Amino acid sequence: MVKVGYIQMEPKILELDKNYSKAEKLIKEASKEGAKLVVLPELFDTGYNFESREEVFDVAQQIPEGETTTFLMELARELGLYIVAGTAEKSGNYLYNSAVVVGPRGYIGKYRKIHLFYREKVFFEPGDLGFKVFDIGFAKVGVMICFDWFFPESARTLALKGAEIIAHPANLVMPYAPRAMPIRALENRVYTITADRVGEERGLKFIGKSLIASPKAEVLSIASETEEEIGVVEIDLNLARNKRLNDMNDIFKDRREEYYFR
């Protein structure tokens, strides 16, 4: 078994340093509780509700040499844990709504949000790296961001590629995700870690309710709607690796692709 957790925090729009300080305080708390993998919210460094593409472009960092990835690499190296975090990615003249994965030995990789939500389409380019699974030694972690939860194909693709844990940075505004995550975890027999932010930001109100769901649709930990907090729980990677729902049904062996999407 291994302990993993979400970091439910409240980013202050455009205040990178303050957001790094807050992430560090909470990640250190999770580390003390024994977490070996922690997940931060979507765009935890920049905040979300931009009024123009220019205000986010002016603060967004490059991956992996920019400040956000460098800062997270330091925490992972010094605390001895893995981190998945949402961050605004600057790449040349372009911006992506991204997530970085870092561990004790350095940068591991990144994911770019495939399904953009609402006004994100005004600022960010749609993701173009596909749904990737990363090796964090003791497990394989898939990453998807926020609205990607809405399309069952996002988690499905990560799980079929071997993800045992789906790390899910989010800034939720609709009411549905908390009810859907246990089903995403169940249908793929994986653990999901949805790290949502809280707070009001220029008219948008995030719902909090970060949660960790098990392969049996169990809500192992669920956060408040408005408070910053961590949620760390022990998970059983063998419950996610063994896809046998019962002795006659292995969920992945039972798939019949020739009848899907056509």
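Numbers for residues come from their place in the sequence shown, where the first is 1.
Comparing 191 to 199 with 24 to 32, the higher mean C-alpha B-factor in the PDB entry belongs to 24 to 32. The deposited model assigns a higher average Cα B-factor to 92 to 100 than to the other stretch when 92 to 100 and 140 to 148 are compared.
Note on 131, 118, 82, 176: the highest value goes to 118, judged by CA B factor as recorded. Compared with the other modelled residues of the chain, the Cα B-factor recorded for residue 222 ranks in the middle third. Placement of the Cα temperature factor of residue 182 within the chain: lowest third of the modelled residues, per the deposited record.
Ranked by Cα temperature factor within the chain, residue 60 sits in the highest third according to the deposited record. Residue 164: CA B factor in the middle third of modelled residues in this chain (values from the PDB entry). For residue 109, the recorded CA temperature factor ranks within the middle third of the chain's modelled residues.
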